[PDB]
Amino acid sequence: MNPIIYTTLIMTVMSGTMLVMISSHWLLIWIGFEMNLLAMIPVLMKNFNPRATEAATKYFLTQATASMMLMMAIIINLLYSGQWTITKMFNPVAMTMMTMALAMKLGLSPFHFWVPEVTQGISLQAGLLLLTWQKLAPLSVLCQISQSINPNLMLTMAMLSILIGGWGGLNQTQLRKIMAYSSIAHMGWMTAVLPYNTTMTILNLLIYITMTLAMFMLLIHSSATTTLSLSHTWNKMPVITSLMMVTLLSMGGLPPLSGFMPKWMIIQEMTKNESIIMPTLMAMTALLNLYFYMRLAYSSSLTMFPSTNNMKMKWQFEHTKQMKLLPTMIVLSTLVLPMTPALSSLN
Amino acid sequence: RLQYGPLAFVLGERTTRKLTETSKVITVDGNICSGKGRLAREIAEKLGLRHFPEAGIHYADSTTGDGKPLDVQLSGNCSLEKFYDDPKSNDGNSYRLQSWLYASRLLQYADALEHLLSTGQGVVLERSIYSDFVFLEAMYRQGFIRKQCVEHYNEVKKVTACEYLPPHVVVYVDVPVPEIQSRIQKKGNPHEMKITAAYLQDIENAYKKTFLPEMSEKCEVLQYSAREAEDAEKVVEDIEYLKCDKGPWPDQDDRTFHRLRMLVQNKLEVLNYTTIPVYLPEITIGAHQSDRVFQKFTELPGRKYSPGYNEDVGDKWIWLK
Amino acid sequence: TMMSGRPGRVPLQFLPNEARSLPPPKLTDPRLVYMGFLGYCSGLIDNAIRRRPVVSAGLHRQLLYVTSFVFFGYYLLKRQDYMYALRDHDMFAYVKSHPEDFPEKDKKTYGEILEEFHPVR
Amino acid sequence: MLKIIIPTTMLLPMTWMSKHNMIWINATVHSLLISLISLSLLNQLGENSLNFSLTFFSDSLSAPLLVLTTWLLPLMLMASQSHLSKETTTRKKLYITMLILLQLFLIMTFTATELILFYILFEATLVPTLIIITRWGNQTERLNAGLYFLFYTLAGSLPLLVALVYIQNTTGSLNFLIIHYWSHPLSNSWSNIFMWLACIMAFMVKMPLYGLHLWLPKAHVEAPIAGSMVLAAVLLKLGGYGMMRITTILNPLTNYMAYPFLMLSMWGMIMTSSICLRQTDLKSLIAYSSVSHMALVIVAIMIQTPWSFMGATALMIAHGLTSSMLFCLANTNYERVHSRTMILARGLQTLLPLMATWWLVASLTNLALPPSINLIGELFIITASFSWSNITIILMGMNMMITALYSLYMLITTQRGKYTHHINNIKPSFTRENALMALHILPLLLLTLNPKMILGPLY
Amino acid sequence: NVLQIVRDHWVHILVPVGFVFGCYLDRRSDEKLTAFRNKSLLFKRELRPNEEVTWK
Amino acid sequence: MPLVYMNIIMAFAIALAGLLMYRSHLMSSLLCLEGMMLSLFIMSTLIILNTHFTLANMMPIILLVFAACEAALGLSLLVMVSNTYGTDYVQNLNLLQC
Amino acid sequence: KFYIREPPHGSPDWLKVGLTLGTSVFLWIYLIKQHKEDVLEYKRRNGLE
Ligand SMILES: CCCCCCCCCCCCCCCCCC(=O)OC[C@H](COP(=O)([O-])OCC(O)COP(=O)([O-])OC[C@@H](COC(=O)CCCCCCCCCCCCCCCCC)OC(=O)CCCCCCCCCCCCCCCCC)OC(=O)CCCCCCCCCCCCCCCCC
Ligand SMILES: CCCCCCCCCCCCCCCCC[C@@H](O)O[C@H](CO[C@H](O)CCCCCCCCCCCCCCC)COP(=O)(O)OCC[N+](C)(C)C
Ligand SMILES: CCCCCCCCCCCCCCCCCC(=O)OC[C@H](COP(=O)(O)OCCN)OC(=O)CCCCCCCCCCCCCCCCC
Ligand SMILES: Nc1ncnc2c1ncn2[C@@H]1O[C@H](COP(=O)(O)OP(=O)(O)O)[C@@H](O)[C@H]1O
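Chains as they are written, first to last, in this note's numbering: chain A, 1 to 347; chain B, 348 to 668; chain C, 669 to 789; chain D, 790 to 1248; chain E, 1249 to 1304; chain F, 1305 to 1402; chain G, 1403 to 1451.
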């Protein structure tokens, strides 16, 4: 792929997402979704191999089905109201269709399998862009249409996402599948808080995006896609492993790190609405995510795995490409708990 | 620009524009103690190409830091002399040496490709990663290494060498084994005097039966005897009058050259799969020894920081760099 | 969304004109000092990742890190203070304009209030 | 409190900027200076607490714990410099940094005036401890020990976070002064039962309660010496401090909800003493003794009388000092013979006399020997339990008998008898080890001399 | 020489200056809580001729 | 609502159920995906023509445009899969697991 | 000379160094001016000084 073509495809993905986030018309929002998917497929297929082709095929099928359901919901809403503006939807059936379509686009359970499948299939840069941006857009649509969300359906899908992400991440050994299940669990948390505070949804989105960017860029720096490949990083550049360890501790929600702020604020907000069982279950279930984060931390930094002999040549050579904003993402993902009241600025 | 990358590519730097149709990759091959080195020297100097001597141990030492070789405990952890003295060691010296030499040849091939794609000048290598496997088969058929070692070699070679361009010219110097042994005896080095005749025969069999048939399909192959290789004028004349348009180099484009140059200029991405988590007893190093040797390497003079930031080797202006 | 759609809200405005009447954060604000600390930590991590001397190398780069963090932190603190002041303004206005919903209650002393006593034995 | 907090955050850069051979010296000297500075918190008032600012306050309960933490840091530094001789400079500095961060978090925890900030800090204490255990433990089981410790603590504490945010929503504040002055009775309802359960269970897991204590032998046995010292001396006291703080708003539900916990504490005190009688590992014996003592502290807090709280505070301070000293002695023995088996090394009285004296004094303080503050606290708890009921005296007497039995069993096994013949690398005791023992033991005797400093606000 | 001693032993002032700064910040925090100074019913009194505040 | 809207919505539901139930071929599921957009086009134009929403008459054409863009994307992915495996069977898309 | 090949960071990139220092100085002076103007506007609006 030509660099000009790649940058124009990235620009087109961002253009689709921005069209979704600036449009006041359902047709224009659907157009933005379609443009985003159309420019996103080749990004997945950039490094051509059967795994990448299969991941792109599964992603295309899922997103096409979601777009069909979304346009059906738009049409049904138009039939009963004659309105194209994105507001509270006027038909419960259309609202259910839209909720299911946006949940499928996000990867909320039980629409999650494509997330680990595609994330394993595609490279690290593709997975980073996929997770971050393709969560960025449908959450914007949901925040706009939150006041008509069915709380029962939204919270059911959110709790399912949390449980399934925890269990899948428990089982996986592949780093990309681990990141995908982490994404599923975090999306569950965000959509669980969504029907109450879109501000808390946005706060969790920002913190999750920062932590995910830091983790993916650390993986790209170490060029490790498996647990054992990451187990050799301590013998080449031990600083990256320590930074990954503190980022993993933050992503598990351990105080006083940045990952505790979204969980804390969401639990507080849901408690304000007389919800106790759901916050307690969500808090207890995240211990699975913390467990497999800790298991990954044991293999990479807290213990020394055996290495090989060509690692001496690797010692002799130095990393060339410089990650952009990696130190900033590492600092923002661990040390911004004292800056919590800025969510009012986020309001 | 100021460094090759996508920005330079979109600015307009093109490898096809840089090339001058004399940019060829020539690899000279032969059995142990042949005239291949002198032939490569003569070919490189007559055609004006850059000569790359055979990538033995400490080649990476020569290309990094100061050119002086490092300690064997820190660079290679293997000994050709020990391989000659005790080929069937119980410490995996044979396959450690073989894998390290393959990695060194991979690094040298990456360096040669980078030089050709950045300067347009041809390169004459004294051996390549495509000829390296003959010593692997020679070790395997003599019982020096194991089938697991051979399988690991094959996996690494696949995932690494599948990404590079084969040489334009493969020049093989054919010398009979009795002549090889006579030259070895004349040289008088004891370790290579301990080389057996079957080990030399296995290398020639691997060259004749696999390497030469494989290279013939890809591009031109030139074979010379001792007398023919001694007269390099006719060899250079033969090279200058080679007609071939069946190689992948004519099929290469500007985007393919951009991808290849981005790959070869990144030395850590070249050696990415040389260290895969396959735990052979020959090549695996324990945690404690790994930590100690890494500490020693970091304690080496100009190795603690990046090249521009080592004060103990006379680097100034660090606080503004 | 609580304060989204508030009357008179100009879209895409980080700081409106009505925020100018609030006290700006001091330059020695502890929150600003913490933002500068975050910038310094980012510079140290950058040196560590690039394998330069962590404390000595790249003084200009570390200074730029600290300065950028302080700049964005000052503006972020201004916006946060404006939003909290706006929240208090709206709350007080609603309380004043709904007296039947927020009635004053007669204050009784603990000499009149009867509280059950639970012995600890 | 900033006059104590800031010097720790300055210990950090001093550690990272000192030379390679001076880190231990600088850290020890300045830790001792910070402890001396923190000795000024003991001047407390008889009416109320020391309210420095809106964020931090000190009380007759917080002051001895803060002084104990600040005094415990340099001893941990001494032990760590004992067992980390061959480490690299960067990793030595990282270990010192973990200790400094733990001390800072503990100080802020003990002085936090709100329950949510207290929760944040007392949960932040987990990360340095987990790193220390799972990184500088000697054996394989350190990973499992860290997992058990972390997950026990977090599964206990998350419902506490939910309860705290709920209480803030209901009452308007989590400030301790406000919740003490504006406290209202807790009616007998399922919701109040489960709120009480959330808070008490978090702190019980921190204590630990019997039946929720396996993580304690796991972590204490497998942690390094400094980690073992901090785990027993201070980190076990966060649960008791929290229970003595939260129980303000949990009345009168504590009269009826405390029965299962009291029964568990008493019976498990007996059971853990009996377990101590039959331990083939010295560190495990010390850990189970800690479990029994903290079970007695739980009994005191649950019966919740002015005589019980004073005993609880005194016993917490005494147990911290004694358990730290016992762990240090066992660690010196381990550094001799590289094994934790109790019966491996014998005749250590004839091989090392002054260490035998230190063992004798530590064991005499471990059992309640008058007039030690250990006995003061235990006797106050026993008297309060006697006023509570008159069979608690039977249980306490059984526990005291078993405590003396296993303490003297450990002493006789390790020190008396004849030495192992084939162990010939037991070098004479170091001045550093002797100084560590002296600094462990002398403050305990001085506290015995002046006992009103560790009897808490109820004095 | 003398320069090396200062070059090595300059970290011994960090904790003392931190203690001094902590005392200063404690004074700063105390001076913000002076809204009931000489206003409590228990300790209210008339100022001496040569004093402005009861405490600082 | 008249029965024509019922029939069009039922057609959309049938086409959606067809896509969610693969048999062997990816091409058949692509055809099922194309039919859903045909039903959407018909429903949208029936609604717009009945309410005389004059400016909305351009929406179905944009719908068709993005429909055939999706069809093009599916065909490209299908040719890549067929080159990889020799058949357009969805059973061969099993390298990645959940 | 030590390295066999001239390091990329052998000499400071004076353009980048000057731009970095200039950006830091510009941001600091702009922040000071902005704070002064904010204080003045706050006082003017609230009728303090
Ligand atoms: C200072 C206290 C900080 C407290 C926390 C604050 C937040 C974080 C700090 C910001 C980041 C700092 C830099 C990080 C990288 C450091 C790399 C390094 O080697 O550093 C050594 C470096 C000197 O060595 P060098 O010659 O430059 O290079 C040697 C090589 O780097 C030698 O490298 P190597 O090749 O030997 O590398 C191997 C090593 C590599 O290991 C590292 O690089 C460790 C550090 C990176 C890990 C992550 C750091 C934290 C990032 C944020 C995460 C949250 C932090 C808070 C967490 C709380 C809960 C735990 O890996 C291992 O040893 C592996 C085994 C251990 C793994 C398990 C433990 C992981 C612990 C993770 C948490 C650590 C928290 C504290 C970190 C303190 C770092 C100084 O010293 C420092 O960087 C010291 C810190 C800066 C001091 C500035 C002093 C200025 C002048 C005095 C100012 C006085 C106050 C001002 C007011 C006015 C007074 C008058
Ligand atoms: C007249 C000539 C002068 C004009 C001056 C310019 C006027 C302002 C121009 C603003 C830039 C131009 C537009 C560029 C995009 C605008 C983005 C921003 O300005 O908009 C604001 C948005 O501001 C950002 O949200 C605040 C960024 C806060 C970043 C931190 C988040 C808090 C994290 C908590 C932890 C903090 C850790 C420390 C961080 C370093 C509000 O816009 P709004 O239309 O209403 O948003 C609608 C969506 N809502 C309602 C749901 C919010
Ligand atoms: C709004 C701007 C956002 C960032 C835009 C730029 C991103 C790409 C560039 C930064 C890449 C990572 C930083 C390290 C680079 C190391 C290489 C180097 O030598 O860089 C030199 C550079 C100074 O170069 P110079 O051109 O002078 O920069 C000023 C602008 N002309 O040195 C530096 O640039 C180092 C200092 C960078 C400043 C920290 C990063 C931005 C922080 C902004 C404050 C907000 C923090 C939170 C950010 C997320 C939320 C907004
Ligand atoms: N893959 C390999 N395994 C073992 N030994 C090798 C390998 N490659 C080269 N060598 C050794 O390196 C030396 C290369 O020099 P040689 O082929 O004899 O040419 P010359 O006689 O010109 O030096 C030989 O002694 C050979 O044994």
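Note that the Cβ used here is the ideal one computed from N, Cα and C, for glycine as well.
In this structure, ligand 4 has no non-hydrogen atom nearer than 7 Å to the beta-carbon of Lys263(A). Only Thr303, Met304, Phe305, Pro306, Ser307, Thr308, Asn309, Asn310, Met311, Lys312, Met313, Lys314, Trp315, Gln316 from the segment 291-316 of chain A bring a Cβ to less than 9 Å from some Cβ of chain B. Residues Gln495, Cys496, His499 of the same chain have their beta carbon placed closer than 7 Å to that of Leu627(B), with the five preceding and five following residues left out of the count. Contact note: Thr53(A) reaches chain F through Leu1381, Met1384, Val1385, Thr1388, using a C-beta cutoff of 8 Å and chain order. Counting along the chain, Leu569(B) sits inside the beta strand (DSSP E) bounded by residues 567-571. When 8 Å is used as the limit between beta carbons, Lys272(A) is near these residues of chain D: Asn958, in chain order. Burial state of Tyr571(B) is buried, judged by a 10 Å Cβ sphere holding 16 or more other Cβ atoms.
Neighbours of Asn1040(D) across chain C, judged by C-beta separation under 9 Å: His786, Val788.
Residues are counted here when their Cβ sits less than 7 Å from a Cβ of chain C; for the segment 1414-1427 of chain G these are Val1419, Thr1422, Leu1423, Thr1425, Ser1426, given in chain order. By the neighbour-count definition (other C-beta atoms within 10 Å, threshold 16), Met1325(F) is an exposed residue. Look at the segment 641-662 of chain B: the residues with a C-beta under 7 Å from a C-beta of chain C are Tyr652, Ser653, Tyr656. Sorting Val818(D), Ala901(D), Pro1246(D), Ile1165(D) by C-alpha distance to the C-alpha of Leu1238(D) places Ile1165(D) at the top. Taking a C-beta distance under 8 Å as the contact criterion, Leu831(D) and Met1242(D) qualify as a contact pair.
Counting only the Cα atoms, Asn685(C) lies some 32 Å from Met329(A).
Taking C-beta atoms under 8 Å as the contact rule, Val375(B) and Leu386(B) qualify, at a distance of about 6 Å. Under the 8 Å Cβ criterion, the segment 1097-1106 of chain D counts as touching the segment 1160-1174 of chain D, having at least three qualifying pairs. Inclusion of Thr1069(D) and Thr1121(D) in the CB contact set at 8 Å is not warranted, their separation being larger than that value. With respect to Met323(A), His232(A) sits apart: the two C-beta atoms are not nearer than 8 Å.
In its chain, beyond the 5 residues on either side, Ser301 have a beta carbon closer than 8 Å to the beta carbon of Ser242(A). The DSSP-derived three-state label of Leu79(A) is helix. Cβ contact annotation for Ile1090(D) (same chain, cutoff 8 Å, sequence separation greater than five): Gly1029, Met1032, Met1033, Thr1036, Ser1097, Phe1098, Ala1101, in chain order. Within chain C, the C-beta atoms nearer than 7 Å to that of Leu667(B) come from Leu727, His728, in chain order.
Secondary structure within the segment 208-265 of chain A: the alpha helix (DSSP H) runs of 4 or more consecutive residues, fully enclosed, are 227-230, 238-251 (chain order). Here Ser978(D) is exposed, its C-beta having fewer than 16 other C-beta atoms within 10 Å. Taking all protein chains in view, the Cβ of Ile1162(D) is crowded by 16 or more other Cβ atoms within 10 Å, so the residue is classified as buried. Relative to ligand 4, the beta carbon of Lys383(B) is positioned inside 7 Å of a heavy atom.
Counting every other CB atom within 10 Å of its CB across the protein chains shown gives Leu1421(G) a total below 16, marking it as exposed. Within the segment 412-497 of chain B, complete beta strand (DSSP E) segments of at least 3 residues are found at 470-472, given in chain order. Distance between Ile379(B) and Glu526(B), taken at the CA atoms: about 11 Å. Residue range 1095-1126 is occupied by the alpha helix (DSSP H) that includes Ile1106(D). Within the segment 730-742 of chain C, the residues whose Cβ lies closer than 9 Å to some Cβ of chain G are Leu731, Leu732, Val734, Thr735, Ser736, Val738, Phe739, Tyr742, listed in chain order. Close to ligand 3, as judged by a C-beta nearer than 6 Å to any of its heavy atoms, are the residues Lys324(A), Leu325(A), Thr328(A), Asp714(C), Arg729(C), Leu732(C), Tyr733(C), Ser736(C), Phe737(C), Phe740(C), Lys1418(G), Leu1421(G), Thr1422(G), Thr1425(G), in chain order. The residues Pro279, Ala283, in chain order, have a CB closer than 7 Å to that of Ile267(A) in the same chain once the five nearest residues on each side in sequence are set aside.
Interface residue (Cβ-Cβ distance to chain C less than 8 Å): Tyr1444(G) is classified as such.
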